[PDB]
Amino acid sequence: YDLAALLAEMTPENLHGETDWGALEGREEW
Amino acid sequence: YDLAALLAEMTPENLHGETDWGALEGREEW
Amino acid sequence: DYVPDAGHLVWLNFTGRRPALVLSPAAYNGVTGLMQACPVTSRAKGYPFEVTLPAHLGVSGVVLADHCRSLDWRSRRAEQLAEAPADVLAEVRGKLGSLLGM
Amino acid sequence: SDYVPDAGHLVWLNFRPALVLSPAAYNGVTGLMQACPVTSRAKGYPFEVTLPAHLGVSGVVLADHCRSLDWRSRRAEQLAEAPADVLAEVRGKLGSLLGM
Amino acid sequence: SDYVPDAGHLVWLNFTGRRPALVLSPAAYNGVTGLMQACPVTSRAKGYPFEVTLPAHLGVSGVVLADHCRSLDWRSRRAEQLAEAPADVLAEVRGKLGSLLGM
Amino acid sequence: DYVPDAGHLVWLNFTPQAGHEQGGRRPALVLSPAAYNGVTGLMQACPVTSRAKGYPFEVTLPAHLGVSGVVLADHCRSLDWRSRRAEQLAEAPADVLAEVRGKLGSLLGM
């Protein structure tokens, strides 16, 4: 995959924010 | 409304992309 | 013979497709055939520019105050759906005005 | 590449010159901006603000045709900085139109 | 309770609800640390270029977000397998994510 | 208007702001490039911890960077850096960034 090809396809209309995994759990560092 | 306070509440998790109004119509210039 | 007025909620066509809150006054809208309006969406996220519509109006959701745009309401076949209360209009204008630097 | 439009910039956009109203603090986060088109004067454009000379583009800003749009997909590129009084006058006309 | 996630597994993971995720790290690492690197499945495909579709026969509702990979404690989130992704799905996820990471 | 770039060491202010080093303000090494970070508001970053206990995915930071410790390459994660008020701390040398990438790539099966 060409990174420039990938990034050029990103638009404000197709973004996904950070996945919600809730609070930190178990041995997760952050 | 203080703009800084509004802008500080925006996150990648609550953004709304550009509203799709389809093609330009009539006297809409752009 | 309908002319959208400030505070109207209208259906608007796009290529009746989508509701919108009219901000510009009928004096401008009637003469020009254009209007400034903000889209209504069901997808409420807590975005700071969202403005919640009250419950029993005939359309649900939030107005996106920062998504205002000039639209040709004649060509898009604007049809009145309901009217928003004065406070919703004031909150949309206040939030958009903040963004625009007014 | 690095460019984020700021309030008062004139920019080229694909679909071409536009005046940016919203600040970079909004524009860079959302990828959207509020901007008005630049064109030539016409009787049918009652809310025009004339541009001064030597800005790379001449004409009028159509204050009443301001709109939200995605500037990243349109390959926004800076053109110049409009003077503060051009921005203030556009804001003044658009604010009146919006019922503020 | 014997289960240890392995690379290519699709697992349910809890959060505070549950959602599927594609495991990228190998069971050898996952079993000894109790952690794993996994990419979330999202139900809303938008044509984002890091979305990776899954073959429909897997019965997963949504697409993998290859750039949303993160370390997760699969024991405390009660991972349970629901399917296994084919190798070409893994290759596409890793190819897109490796591109973004500068590999 | 800072946008993190790959190789940057940044401060991320996670929700427990109080308590300083006992709270959520963490340093991290950014792996994804600014051309992605600035558009999405997200980034792929690995956390930096002050103490190394010799695990195979640790990458030690050289001295005098302005932050000390180890990059935990196996804890790399996609995250929202805009909400966490990312602030640049330092620049990691290219050999640290290549070693973190090599270790994470091995963990991810590349």
# chains A, B, ... in the order shown; residues from 1 in each chain; ligands from 1
>>> interface_residues(of="chain F", to="chain D", cutoff="12 Å", atoms="only C-alpha atoms", output="VMD selection string")
chain F and resid 1 to 5 33 to 42 80 to 83
>>> write_last_selection(atoms="N, CA, C and O atoms", output="PDB file, in the first residue's frame")
ATOM      1  N   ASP F   1      -1.205  25.396  17.493  1.00  0.00           N
ATOM      2  CA  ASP F   1      -1.525  24.652  16.278  1.00  0.00           C
ATOM      3  C   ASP F   1      -0.498  23.542  16.024  1.00  0.00           C
ATOM      4  O   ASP F   1      -0.249  23.146  14.886  1.00  0.00           O
ATOM      5  N   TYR F   2       0.112  23.059  17.096  1.00  0.00           N
ATOM      6  CA  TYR F   2       1.077  21.978  16.969  1.00  0.00           C
ATOM      7  C   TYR F   2       0.392  20.732  16.408  1.00  0.00           C
ATOM      8  O   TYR F   2      -0.734  20.403  16.791  1.00  0.00           O
ATOM      9  N   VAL F   3       1.049  20.063  15.465  1.00  0.00           N
ATOM     10  CA  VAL F   3       0.620  18.749  14.999  1.00  0.00           C
ATOM     11  C   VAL F   3       1.772  17.775  15.226  1.00  0.00           C
ATOM     12  O   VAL F   3       2.838  17.936  14.627  1.00  0.00           O
ATOM     13  N   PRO F   4       1.603  16.747  16.062  1.00  0.00           N
ATOM     14  CA  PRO F   4       2.693  15.787  16.293  1.00  0.00           C
ATOM     15  C   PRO F   4       3.161  15.133  15.001  1.00  0.00           C
ATOM     16  O   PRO F   4       2.361  14.809  14.124  1.00  0.00           O
ATOM     17  N   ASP F   5       4.467  14.918  14.892  1.00  0.00           N
ATOM     18  CA  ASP F   5       5.020  14.165  13.773  1.00  0.00           C
ATOM     19  C   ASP F   5       5.707  12.905  14.284  1.00  0.00           C
ATOM     20  O   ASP F   5       6.046  12.792  15.461  1.00  0.00           O
ATOM     21  N   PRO F  33       2.726   9.665  10.932  1.00  0.00           N
ATOM     22  CA  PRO F  33       3.167  10.976  10.447  1.00  0.00           C
ATOM     23  C   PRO F  33       2.112  12.060  10.614  1.00  0.00           C
ATOM     24  O   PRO F  33       0.907  11.797  10.696  1.00  0.00           O
ATOM     25  N   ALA F  34       2.598  13.308  10.604  1.00  0.00           N
ATOM     26  CA  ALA F  34       1.727  14.474  10.776  1.00  0.00           C
ATOM     27  C   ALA F  34       0.613  14.526   9.733  1.00  0.00           C
ATOM     28  O   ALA F  34      -0.493  14.995  10.034  1.00  0.00           O
ATOM     29  N   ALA F  35       0.882  14.053   8.512  1.00  0.00           N
ATOM     30  CA  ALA F  35      -0.122  14.077   7.450  1.00  0.00           C
ATOM     31  C   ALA F  35      -1.356  13.253   7.799  1.00  0.00           C
ATOM     32  O   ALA F  35      -2.439  13.501   7.260  1.00  0.00           O
ATOM     33  N   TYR F  36      -1.211  12.264   8.673  1.00  0.00           N
ATOM     34  CA  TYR F  36      -2.330  11.513   9.223  1.00  0.00           C
ATOM     35  C   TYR F  36      -2.801  12.113  10.544  1.00  0.00           C
ATOM     36  O   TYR F  36      -4.010  12.298  10.754  1.00  0.00           O
ATOM     37  N   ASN F  37      -1.859  12.419  11.442  1.00  0.00           N
ATOM     38  CA  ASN F  37      -2.215  12.905  12.777  1.00  0.00           C
ATOM     39  C   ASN F  37      -3.048  14.174  12.708  1.00  0.00           C
ATOM     40  O   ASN F  37      -4.019  14.326  13.456  1.00  0.00           O
ATOM     41  N   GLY F  38      -2.667  15.103  11.824  1.00  0.00           N
ATOM     42  CA  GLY F  38      -3.356  16.378  11.749  1.00  0.00           C
ATOM     43  C   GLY F  38      -4.738  16.267  11.148  1.00  0.00           C
ATOM     44  O   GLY F  38      -5.638  17.022  11.516  1.00  0.00           O
ATOM     45  N   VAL F  39      -4.933  15.324  10.228  1.00  0.00           N
ATOM     46  CA  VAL F  39      -6.248  15.154   9.624  1.00  0.00           C
ATOM     47  C   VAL F  39      -7.197  14.464  10.590  1.00  0.00           C
ATOM     48  O   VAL F  39      -8.322  14.923  10.824  1.00  0.00           O
ATOM     49  N   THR F  40      -6.763  13.346  11.170  1.00  0.00           N
ATOM     50  CA  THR F  40      -7.664  12.538  11.968  1.00  0.00           C
ATOM     51  C   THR F  40      -7.816  13.044  13.394  1.00  0.00           C
ATOM     52  O   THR F  40      -8.806  12.704  14.051  1.00  0.00           O
ATOM     53  N   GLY F  41      -6.860  13.824  13.899  1.00  0.00           N
ATOM     54  CA  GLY F  41      -6.826  14.100  15.327  1.00  0.00           C
ATOM     55  C   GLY F  41      -6.378  12.922  16.172  1.00  0.00           C
ATOM     56  O   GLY F  41      -6.375  13.021  17.412  1.00  0.00           O
ATOM     57  N   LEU F  42      -6.003  11.819  15.532  1.00  0.00           N
ATOM     58  CA  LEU F  42      -5.535  10.595  16.152  1.00  0.00           C
ATOM     59  C   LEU F  42      -4.069  10.390  15.832  1.00  0.00           C
ATOM     60  O   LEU F  42      -3.503  11.022  14.938  1.00  0.00           O
ATOM     61  N   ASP F  80      -6.618   9.544  20.510  1.00  0.00           N
ATOM     62  CA  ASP F  80      -7.011  10.927  20.261  1.00  0.00           C
ATOM     63  C   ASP F  80      -6.029  11.850  20.980  1.00  0.00           C
ATOM     64  O   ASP F  80      -6.053  11.952  22.210  1.00  0.00           O
ATOM     65  N   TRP F  81      -5.145  12.507  20.223  1.00  0.00           N
ATOM     66  CA  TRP F  81      -4.163  13.397  20.836  1.00  0.00           C
ATOM     67  C   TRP F  81      -4.674  14.819  21.003  1.00  0.00           C
ATOM     68  O   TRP F  81      -4.129  15.570  21.819  1.00  0.00           O
ATOM     69  N   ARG F  82      -5.729  15.194  20.275  1.00  0.00           N
ATOM     70  CA  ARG F  82      -6.270  16.543  20.404  1.00  0.00           C
ATOM     71  C   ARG F  82      -6.931  16.751  21.760  1.00  0.00           C
ATOM     72  O   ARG F  82      -6.731  17.790  22.397  1.00  0.00           O
ATOM     73  N   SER F  83      -7.729  15.780  22.214  1.00  0.00           N
ATOM     74  CA  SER F  83      -8.385  15.879  23.516  1.00  0.00           C
ATOM     75  C   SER F  83      -7.390  15.837  24.661  1.00  0.00           C
ATOM     76  O   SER F  83      -7.695  16.314  25.757  1.00  0.00           O
TER      77      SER F  83
END
>>> closest_atom_pairs(of="chain D", to="chain B", cutoff="8 Å", atoms="only C-alpha atoms", output="CSV")
residue,atom,partner,partner_atom,distance
D:25,CA,B:7,CA,7.3
D:26,CA,B:7,CA,6.5
D:29,CA,B:12,CA,7.8
D:30,CA,B:15,CA,6.7
D:32,CA,B:18,CA,7.1
D:37,CA,B:30,CA,7.6
D:65,CA,B:29,CA,7.5
D:68,CA,B:18,CA,7.1
D:69,CA,B:18,CA,5.9
D:70,CA,B:18,CA,5.9
>>> interface_residues(of="chain E", to="chain F", cutoff="7 Å", atoms="only C-alpha atoms", output="VMD selection string")
chain E and resid 24 to 25 67 to 71 94 100 to 101 103
>>> atom_distance(atom1="atom CA of residue 48 of chain E", atom2="atom CA of residue 89 of chain E")
16.1 Å
>>> residues_around(residues="residue 82 of chain E", least_positions_apart="3", cutoff="12 Å", atoms="only C-alpha atoms", output="PDB file with N, CA, C and O atoms, in the first residue's frame")
ATOM      1  N   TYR E   3      -8.894 -20.516  26.884  1.00  0.00           N
ATOM      2  CA  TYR E   3      -8.723 -19.829  25.613  1.00  0.00           C
ATOM      3  C   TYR E   3      -7.611 -18.785  25.695  1.00  0.00           C
ATOM      4  O   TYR E   3      -7.551 -18.000  26.645  1.00  0.00           O
ATOM      5  N   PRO E   5      -6.158 -15.902  22.941  1.00  0.00           N
ATOM      6  CA  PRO E   5      -6.318 -15.360  21.579  1.00  0.00           C
ATOM      7  C   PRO E   5      -5.051 -15.530  20.760  1.00  0.00           C
ATOM      8  O   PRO E   5      -3.937 -15.410  21.278  1.00  0.00           O
ATOM      9  N   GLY E   8      -5.211 -13.380  14.028  1.00  0.00           N
ATOM     10  CA  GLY E   8      -6.252 -13.695  13.085  1.00  0.00           C
ATOM     11  C   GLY E   8      -7.586 -14.020  13.705  1.00  0.00           C
ATOM     12  O   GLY E   8      -8.597 -14.005  12.997  1.00  0.00           O
ATOM     13  N   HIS E   9      -7.621 -14.321  15.000  1.00  0.00           N
ATOM     14  CA  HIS E   9      -8.890 -14.556  15.671  1.00  0.00           C
ATOM     15  C   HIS E   9      -9.720 -13.283  15.705  1.00  0.00           C
ATOM     16  O   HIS E   9      -9.194 -12.186  15.899  1.00  0.00           O
ATOM     17  N   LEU E  10     -11.030 -13.443  15.542  1.00  0.00           N
ATOM     18  CA  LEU E  10     -11.999 -12.402  15.845  1.00  0.00           C
ATOM     19  C   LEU E  10     -12.596 -12.746  17.203  1.00  0.00           C
ATOM     20  O   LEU E  10     -13.022 -13.887  17.423  1.00  0.00           O
ATOM     21  N   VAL E  11     -12.546 -11.800  18.136  1.00  0.00           N
ATOM     22  CA  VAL E  11     -12.947 -12.047  19.513  1.00  0.00           C
ATOM     23  C   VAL E  11     -13.948 -10.990  19.936  1.00  0.00           C
ATOM     24  O   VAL E  11     -13.889  -9.843  19.488  1.00  0.00           O
ATOM     25  N   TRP E  12     -14.852 -11.376  20.828  1.00  0.00           N
ATOM     26  CA  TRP E  12     -15.613 -10.406  21.599  1.00  0.00           C
ATOM     27  C   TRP E  12     -14.781  -9.928  22.779  1.00  0.00           C
ATOM     28  O   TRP E  12     -14.103 -10.722  23.437  1.00  0.00           O
ATOM     29  N   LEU E  13     -14.849  -8.632  23.058  1.00  0.00           N
ATOM     30  CA  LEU E  13     -14.181  -8.036  24.205  1.00  0.00           C
ATOM     31  C   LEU E  13     -15.139  -7.101  24.912  1.00  0.00           C
ATOM     32  O   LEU E  13     -15.825  -6.313  24.260  1.00  0.00           O
ATOM     33  N   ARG E  19     -17.732  -5.734  22.022  1.00  0.00           N
ATOM     34  CA  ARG E  19     -17.630  -5.540  20.585  1.00  0.00           C
ATOM     35  C   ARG E  19     -16.561  -6.474  20.045  1.00  0.00           C
ATOM     36  O   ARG E  19     -15.683  -6.925  20.794  1.00  0.00           O
ATOM     37  N   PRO E  20     -16.612  -6.793  18.759  1.00  0.00           N
ATOM     38  CA  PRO E  20     -15.599  -7.674  18.175  1.00  0.00           C
ATOM     39  C   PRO E  20     -14.310  -6.919  17.891  1.00  0.00           C
ATOM     40  O   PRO E  20     -14.280  -5.691  17.783  1.00  0.00           O
ATOM     41  N   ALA E  21     -13.230  -7.689  17.785  1.00  0.00           N
ATOM     42  CA  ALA E  21     -11.926  -7.149  17.458  1.00  0.00           C
ATOM     43  C   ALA E  21     -11.125  -8.237  16.765  1.00  0.00           C
ATOM     44  O   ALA E  21     -11.310  -9.425  17.038  1.00  0.00           O
ATOM     45  N   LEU E  22     -10.244  -7.820  15.865  1.00  0.00           N
ATOM     46  CA  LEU E  22      -9.337  -8.718  15.151  1.00  0.00           C
ATOM     47  C   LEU E  22      -7.985  -8.715  15.855  1.00  0.00           C
ATOM     48  O   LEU E  22      -7.357  -7.665  15.981  1.00  0.00           O
ATOM     49  N   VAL E  23      -7.517  -9.887  16.262  1.00  0.00           N
ATOM     50  CA  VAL E  23      -6.249  -9.991  16.979  1.00  0.00           C
ATOM     51  C   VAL E  23      -5.097 -10.028  15.981  1.00  0.00           C
ATOM     52  O   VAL E  23      -5.091 -10.844  15.051  1.00  0.00           O
ATOM     53  N   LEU E  58     -18.116 -15.000   7.541  1.00  0.00           N
ATOM     54  CA  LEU E  58     -17.693 -14.916   8.933  1.00  0.00           C
ATOM     55  C   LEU E  58     -18.816 -14.472   9.865  1.00  0.00           C
ATOM     56  O   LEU E  58     -18.725 -14.699  11.075  1.00  0.00           O
ATOM     57  N   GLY E  59     -19.867 -13.844   9.339  1.00  0.00           N
ATOM     58  CA  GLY E  59     -20.977 -13.420  10.175  1.00  0.00           C
ATOM     59  C   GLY E  59     -20.677 -12.276  11.121  1.00  0.00           C
ATOM     60  O   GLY E  59     -21.319 -12.169  12.173  1.00  0.00           O
ATOM     61  N   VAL E  60     -19.725 -11.405  10.777  1.00  0.00           N
ATOM     62  CA  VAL E  60     -19.394 -10.246  11.591  1.00  0.00           C
ATOM     63  C   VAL E  60     -20.095  -9.028  11.007  1.00  0.00           C
ATOM     64  O   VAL E  60     -20.068  -8.811   9.793  1.00  0.00           O
ATOM     65  N   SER E  61     -20.720  -8.229  11.866  1.00  0.00           N
ATOM     66  CA  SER E  61     -21.457  -7.043  11.431  1.00  0.00           C
ATOM     67  C   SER E  61     -20.529  -5.831  11.484  1.00  0.00           C
ATOM     68  O   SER E  61     -20.355  -5.218  12.539  1.00  0.00           O
ATOM     69  N   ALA E  79     -12.102 -12.010  26.647  1.00  0.00           N
ATOM     70  CA  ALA E  79     -12.103 -12.323  25.228  1.00  0.00           C
ATOM     71  C   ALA E  79     -12.738 -13.687  24.985  1.00  0.00           C
ATOM     72  O   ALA E  79     -12.491 -14.650  25.721  1.00  0.00           O
ATOM     73  N   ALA E  85     -10.318 -14.831  10.947  1.00  0.00           N
ATOM     74  CA  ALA E  85     -10.166 -14.092   9.706  1.00  0.00           C
ATOM     75  C   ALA E  85      -9.197 -14.810   8.762  1.00  0.00           C
ATOM     76  O   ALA E  85      -8.189 -15.354   9.208  1.00  0.00           O
TER      77      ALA E  85
END
>>> residues_around(residues="residue 92 of chain E", least_positions_apart="5", cutoff="9 Å", atoms="only C-alpha atoms", output="MDAnalysis selection string")
(chainID A and resid 1) or (chainID E and resid 52 66 87 97)
>>> select_by_dssp(residues="chain E", states="strand (DSSP E or B)", output="number ranges by chain")
E: 9-14, 18-23, 35-42, 51-52, 63-65, 70-73, 80-84
>>> atom_distance(atom1="atom CA of residue 78 of chain E", atom2="atom CA of residue 30 of chain E")
13.2 Å
>>> decode(residues="segment 3-28 of chain B", atoms="N, CA, C and O atoms", output="PDB file, in the first residue's frame")
ATOM      1  N   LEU B   3     -15.877  31.321  22.407  1.00  0.00           N
ATOM      2  CA  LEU B   3     -15.472  30.393  21.354  1.00  0.00           C
ATOM      3  C   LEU B   3     -14.443  29.381  21.853  1.00  0.00           C
ATOM      4  O   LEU B   3     -14.538  28.189  21.541  1.00  0.00           O
ATOM      5  N   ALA B   4     -13.446  29.831  22.620  1.00  0.00           N
ATOM      6  CA  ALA B   4     -12.464  28.883  23.145  1.00  0.00           C
ATOM      7  C   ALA B   4     -13.143  27.747  23.899  1.00  0.00           C
ATOM      8  O   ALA B   4     -12.797  26.577  23.710  1.00  0.00           O
ATOM      9  N   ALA B   5     -14.138  28.068  24.733  1.00  0.00           N
ATOM     10  CA  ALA B   5     -14.836  27.034  25.497  1.00  0.00           C
ATOM     11  C   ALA B   5     -15.585  26.073  24.583  1.00  0.00           C
ATOM     12  O   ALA B   5     -15.566  24.852  24.799  1.00  0.00           O
ATOM     13  N   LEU B   6     -16.262  26.599  23.561  1.00  0.00           N
ATOM     14  CA  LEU B   6     -16.872  25.723  22.565  1.00  0.00           C
ATOM     15  C   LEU B   6     -15.828  24.838  21.894  1.00  0.00           C
ATOM     16  O   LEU B   6     -15.998  23.616  21.813  1.00  0.00           O
ATOM     17  N   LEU B   7     -14.728  25.434  21.409  1.00  0.00           N
ATOM     18  CA  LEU B   7     -13.769  24.655  20.622  1.00  0.00           C
ATOM     19  C   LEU B   7     -13.111  23.559  21.448  1.00  0.00           C
ATOM     20  O   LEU B   7     -12.768  22.495  20.910  1.00  0.00           O
ATOM     21  N   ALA B   8     -12.923  23.798  22.746  1.00  0.00           N
ATOM     22  CA  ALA B   8     -12.316  22.825  23.645  1.00  0.00           C
ATOM     23  C   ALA B   8     -13.206  21.615  23.895  1.00  0.00           C
ATOM     24  O   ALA B   8     -12.710  20.592  24.379  1.00  0.00           O
ATOM     25  N   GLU B   9     -14.491  21.697  23.564  1.00  0.00           N
ATOM     26  CA  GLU B   9     -15.377  20.555  23.693  1.00  0.00           C
ATOM     27  C   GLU B   9     -15.408  19.690  22.439  1.00  0.00           C
ATOM     28  O   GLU B   9     -16.000  18.611  22.474  1.00  0.00           O
ATOM     29  N   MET B  10     -14.816  20.143  21.335  1.00  0.00           N
ATOM     30  CA  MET B  10     -14.721  19.317  20.138  1.00  0.00           C
ATOM     31  C   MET B  10     -13.644  18.263  20.326  1.00  0.00           C
ATOM     32  O   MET B  10     -12.566  18.545  20.853  1.00  0.00           O
ATOM     33  N   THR B  11     -13.943  17.040  19.911  1.00  0.00           N
ATOM     34  CA  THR B  11     -12.984  15.950  19.924  1.00  0.00           C
ATOM     35  C   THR B  11     -13.167  15.157  18.642  1.00  0.00           C
ATOM     36  O   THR B  11     -14.245  15.185  18.038  1.00  0.00           O
ATOM     37  N   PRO B  12     -12.149  14.410  18.216  1.00  0.00           N
ATOM     38  CA  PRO B  12     -12.337  13.485  17.089  1.00  0.00           C
ATOM     39  C   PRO B  12     -13.497  12.522  17.280  1.00  0.00           C
ATOM     40  O   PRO B  12     -13.941  11.927  16.294  1.00  0.00           O
ATOM     41  N   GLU B  13     -14.026  12.383  18.493  1.00  0.00           N
ATOM     42  CA  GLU B  13     -15.096  11.437  18.768  1.00  0.00           C
ATOM     43  C   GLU B  13     -16.486  12.042  18.627  1.00  0.00           C
ATOM     44  O   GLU B  13     -17.467  11.293  18.634  1.00  0.00           O
ATOM     45  N   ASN B  14     -16.608  13.362  18.474  1.00  0.00           N
ATOM     46  CA  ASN B  14     -17.932  13.951  18.330  1.00  0.00           C
ATOM     47  C   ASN B  14     -18.067  14.845  17.099  1.00  0.00           C
ATOM     48  O   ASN B  14     -19.051  15.573  17.001  1.00  0.00           O
ATOM     49  N   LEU B  15     -17.127  14.789  16.154  1.00  0.00           N
ATOM     50  CA  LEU B  15     -17.187  15.636  14.972  1.00  0.00           C
ATOM     51  C   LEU B  15     -18.327  15.220  14.041  1.00  0.00           C
ATOM     52  O   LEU B  15     -18.748  14.063  14.009  1.00  0.00           O
ATOM     53  N   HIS B  16     -18.824  16.191  13.281  1.00  0.00           N
ATOM     54  CA  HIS B  16     -19.809  15.974  12.225  1.00  0.00           C
ATOM     55  C   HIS B  16     -19.209  16.482  10.920  1.00  0.00           C
ATOM     56  O   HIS B  16     -18.965  17.684  10.788  1.00  0.00           O
ATOM     57  N   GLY B  17     -19.013  15.595   9.951  1.00  0.00           N
ATOM     58  CA  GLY B  17     -18.482  15.995   8.658  1.00  0.00           C
ATOM     59  C   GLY B  17     -19.447  16.885   7.879  1.00  0.00           C
ATOM     60  O   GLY B  17     -20.569  17.171   8.299  1.00  0.00           O
ATOM     61  N   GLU B  18     -18.989  17.318   6.702  1.00  0.00           N
ATOM     62  CA  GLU B  18     -19.769  18.230   5.869  1.00  0.00           C
ATOM     63  C   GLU B  18     -21.112  17.606   5.504  1.00  0.00           C
ATOM     64  O   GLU B  18     -21.184  16.443   5.104  1.00  0.00           O
ATOM     65  N   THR B  19     -22.176  18.383   5.664  1.00  0.00           N
ATOM     66  CA  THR B  19     -23.515  17.917   5.336  1.00  0.00           C
ATOM     67  C   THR B  19     -23.648  17.716   3.835  1.00  0.00           C
ATOM     68  O   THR B  19     -23.286  18.594   3.047  1.00  0.00           O
ATOM     69  N   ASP B  20     -24.168  16.561   3.436  1.00  0.00           N
ATOM     70  CA  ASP B  20     -24.330  16.270   2.016  1.00  0.00           C
ATOM     71  C   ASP B  20     -25.602  16.935   1.515  1.00  0.00           C
ATOM     72  O   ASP B  20     -26.709  16.474   1.811  1.00  0.00           O
ATOM     73  N   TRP B  21     -25.453  18.011   0.747  1.00  0.00           N
ATOM     74  CA  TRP B  21     -26.582  18.618   0.064  1.00  0.00           C
ATOM     75  C   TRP B  21     -26.630  18.234  -1.405  1.00  0.00           C
ATOM     76  O   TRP B  21     -27.359  18.859  -2.181  1.00  0.00           O
ATOM     77  N   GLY B  22     -25.882  17.205  -1.795  1.00  0.00           N
ATOM     78  CA  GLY B  22     -25.799  16.785  -3.173  1.00  0.00           C
ATOM     79  C   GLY B  22     -25.257  17.888  -4.059  1.00  0.00           C
ATOM     80  O   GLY B  22     -24.452  18.730  -3.644  1.00  0.00           O
ATOM     81  N   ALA B  23     -25.729  17.891  -5.300  1.00  0.00           N
ATOM     82  CA  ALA B  23     -25.239  18.819  -6.304  1.00  0.00           C
ATOM     83  C   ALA B  23     -25.720  20.235  -6.014  1.00  0.00           C
ATOM     84  O   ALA B  23     -26.724  20.454  -5.333  1.00  0.00           O
ATOM     85  N   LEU B  24     -24.983  21.205  -6.550  1.00  0.00           N
ATOM     86  CA  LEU B  24     -25.429  22.588  -6.496  1.00  0.00           C
ATOM     87  C   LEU B  24     -26.711  22.740  -7.300  1.00  0.00           C
ATOM     88  O   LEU B  24     -26.882  22.111  -8.346  1.00  0.00           O
ATOM     89  N   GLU B  25     -27.624  23.565  -6.798  1.00  0.00           N
ATOM     90  CA  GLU B  25     -28.931  23.744  -7.409  1.00  0.00           C
ATOM     91  C   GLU B  25     -29.222  25.226  -7.564  1.00  0.00           C
ATOM     92  O   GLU B  25     -28.883  26.026  -6.690  1.00  0.00           O
ATOM     93  N   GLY B  26     -29.833  25.586  -8.688  1.00  0.00           N
ATOM     94  CA  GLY B  26     -30.371  26.928  -8.854  1.00  0.00           C
ATOM     95  C   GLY B  26     -29.339  28.032  -8.694  1.00  0.00           C
ATOM     96  O   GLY B  26     -28.255  28.006  -9.292  1.00  0.00           O
ATOM     97  N   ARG B  27     -29.688  29.032  -7.883  1.00  0.00           N
ATOM     98  CA  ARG B  27     -28.851  30.210  -7.697  1.00  0.00           C
ATOM     99  C   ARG B  27     -27.725  29.989  -6.693  1.00  0.00           C
ATOM    100  O   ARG B  27     -27.012  30.950  -6.369  1.00  0.00           O
ATOM    101  N   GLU B  28     -27.566  28.765  -6.181  1.00  0.00           N
ATOM    102  CA  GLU B  28     -26.413  28.431  -5.351  1.00  0.00           C
ATOM    103  C   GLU B  28     -25.149  28.573  -6.175  1.00  0.00           C
ATOM    104  O   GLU B  28     -24.984  27.896  -7.193  1.00  0.00           O
TER     105      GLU B  28
END
